[PDB]
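Engineer: I would like to see how this sequence folds:
(one chain, ligands or ions: 1)
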Amino acid sequence: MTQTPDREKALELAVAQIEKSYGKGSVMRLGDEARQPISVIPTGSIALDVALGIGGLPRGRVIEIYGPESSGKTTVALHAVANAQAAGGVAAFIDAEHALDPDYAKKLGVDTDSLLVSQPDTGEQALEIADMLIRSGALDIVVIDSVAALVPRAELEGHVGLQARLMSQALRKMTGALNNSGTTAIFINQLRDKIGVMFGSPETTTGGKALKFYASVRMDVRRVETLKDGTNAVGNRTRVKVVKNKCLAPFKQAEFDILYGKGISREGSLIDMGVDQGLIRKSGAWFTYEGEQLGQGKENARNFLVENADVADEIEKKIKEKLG
Ligand SMILES: Nc1ncnc2c1ncn2[C@@H]1O[C@H](COP(=O)(O)OP(=O)(O)OP(O)(O)=S)[C@@H](O)[C@H]1O
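Structural biologist: Numbering: from 1, shown residues only. Take a look at the structure below.
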């Protein structure tokens with residue numbers, strides 16, 4: 001067909017009808033300019049925030065964070081918690097592994113004292129407690145630690161494919177409530193793997209499958225390199241790839257530093273995105289910003305930004321006017 005213009009029209013229209021019956025994120029162009037909702041939960045790392053597209057985590061949606069052990073998931077999660085908490089929101093933490101360390105989550109900014117924690121007896125119980133806790137339209141963010149620990153009441157006593165089904169049913173029922181309250185739920189998913197080929201890789205089937213689909217955003221978190229600090233190791237450089245995102249164009253990635261015992265270095269994210277946005281200038285060893293200097297080396301800069309809270313906000317701000 002010698003078509004050309006009218007093509008874009010029927011296409012535009014097509015999209016419209018699809019979006020109309022399946023959702024506003026059903027189809028997208030990897031380049032489309034991202035949408036912007038009113039409420040969103042910062043992840044605590046400008047970098048990942050503007051990789052998610054909407055500048056944080058979507059509300060009333062099921063988010064999945066998977067990856068190896070010690071990649072970062074929990075931290076990322078606890079931050080999504082501490083943030084939603086700062087704005088006077090209430091969070092709950094369904095525990096199925098018993099590996100939380102308040103003292104750490106405290107340093108992250110989580111008001112642990114008023115943090116609702118539950119330690120279910122069975123798998124179904126976890127999801128159901130999570131359900132009514134969700135339906136009270138009282139929770140802002142709810143986090144279920146470790147999918148693979150939600151063992152079915154059955155297995156916990158007396159066949160086959162029980163976890164995957166338990167999840168299916170749970171997610172079906174729970175999916176509705178969430179969207180009805182704006183409560184966003186984070187599912188931490190371990191992988192227990194990292195012995196294939198020469199590096200890392202993706203998968204699911206633990207109870208996954210269900211999640212993989214119901215989930216509106218799926219983050220692949222993995223550890224890139226163990227941050228050298230002259231001494232031993234301040235933290236690690238985490239790399240997160242959102243492979244699913246029914247809210248903004250998917251497949252965008254981000255990297256950031258997580259200091260041992262400290263968590264996600266906000267400052268550190270400011271600098272990096274800072275330079276990759278022309279706002280911060282790097283004059284060989286030196287890190288300059290709008291004229292006056294910051295420091296010699298990323299660390300001396302982090303530090304400078306970390307104690308000059310007043311100027312850091314200035315930088316986080318502009319990057320936000322420069323994209324939002
Ligand atoms: N209680 C803690 N004390 C000190 N450092 C911690 C603590 N919890 C996490 N970290 C650091 O945070 C990084 C990983 O975050 P994790 O909470 O282990 O998340 P994952 O989501 O990485 O978790 P498993 O899967 O490793 S619990 C590591 O580089 C740790 O050094």
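
Engineer: And residue 19, how far from the ligand?
Structural biologist: 34 Å (C-beta to the nearest ligand atom, to the nearest Å). C-beta: built from backbone N, CA, C; applies to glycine.

Engineer: before we move on, what SS does that residue have?
Structural biologist: On the three-state scheme (DSSP: H, G, I helix; E, B strand; the rest coil), residue 19 is labelled helix.

Engineer: Check the gap between it and residue 25 for me.
Structural biologist: Residue 19 sits at a distance of 8 Å from residue 25 (criterion: C-beta to C-beta, to the nearest Å).

Engineer: what does residue 45 give?
Structural biologist: On the measure of C-beta to C-beta, residue 45 and residue 25 end up 23 Å apart.

Engineer: Looking at those two, which one has more neighbours?
Structural biologist: Neighbour count, other C-beta atoms under 10 Å: between residue 45 and residue 25, residue 45 has more, with 29 against 16.

Engineer: my guess is that one meets residue 256, correct?
Structural biologist: Yes - here residue 45 reaches residue 256: they are 4.5 Å apart, a contact under C-beta atoms under 8 Å.

Engineer: Show me the common contact partners of these two, please.
Structural biologist: Residues within reach of residue 45 and of residue 256 at once, by C-beta atoms under 8 Å, 6 or more residues apart in numbering, are 264-265, 269.

Engineer: residues in contact with residue 258?
Structural biologist: Counted by C-beta under 8 Å, 6+ apart, residue 258 has contacts 72, 75, 235-236, 238, 264-265.

Engineer: Pairing partners for it in the sheet, please.
Structural biologist: Residue 258 forms beta bridges with residue 236, residue 264, as assigned by DSSP bridges.

Engineer: Give me the domain ranges for the protein.
Structural biologist: Annotated domains of the chain cover 28-264, 265-324 [curated CATH domains].

Engineer: ranking these by burial, who's on top?
Structural biologist: Mean neighbour count (mean count of other C-beta atoms under 10 Å) peaks for domain 28-264 among the domains of the chain, with a mean of 19.

Engineer: is that domain anywhere near the ligand?
Structural biologist: Yes - legend: contact between domain 28-264 and the ligand by C-beta under 6 Å from any ligand atom is shown at 69-75, 99, 101, 104, 190, 236, 258, 260-261.

Engineer: Out of these, flag the one nearest to residue 314.
Structural biologist: Distance to residue 314 across those (C-beta to C-beta) is lowest for residue 258, with 24.1 Å.

Engineer: Next step: the residues of domain 28-264 next to the ligand restricted to strands.
Structural biologist: Among these, the ones falling in strands (DSSP state E) are 236, 258.

Engineer: May I ask which two of the residues of domain 28-264 next to the ligand are separated the most?
Structural biologist: 190 and 261 (21.5 Å).

Engineer: got a list of what the residue of the stretch 51-200 of the chain found nearest the ligand touches?
Structural biologist: Ranked by C-beta to the nearest ligand atom, the top residue of the stretch 51-200 of the chain for proximity to the ligand is residue 73, at 2.7 Å. Residue 73 sits next to 65-67, 188-190, 221 when contact means C-beta under 8 Å, 6+ apart.

Engineer: before we move on, the earlier item: make CSV from the domains of the chain and add distance to residue 14 to it.
Structural biologist: Formatted as CSV, the domains of the chain follow (distance: least, C-beta to C-beta, whole Å):
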stretch, distance to residue 14
domain 28-264, 13
domain 265-324, 29
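
Engineer: re earlier: any idea whether the nearest residue to the residue of the stretch 51-200 of the chain closest to the ligand once chain neighbours are set aside is helix, strand or coil?
Structural biologist: What sits nearest to residue 73 in space, not counting adjacent residues and going by C-beta to C-beta, 6 or more residues apart in numbering, is residue 65, at 4.6 Å. Taking three-state DSSP as the rule, one finds residue 65 in the strand state.
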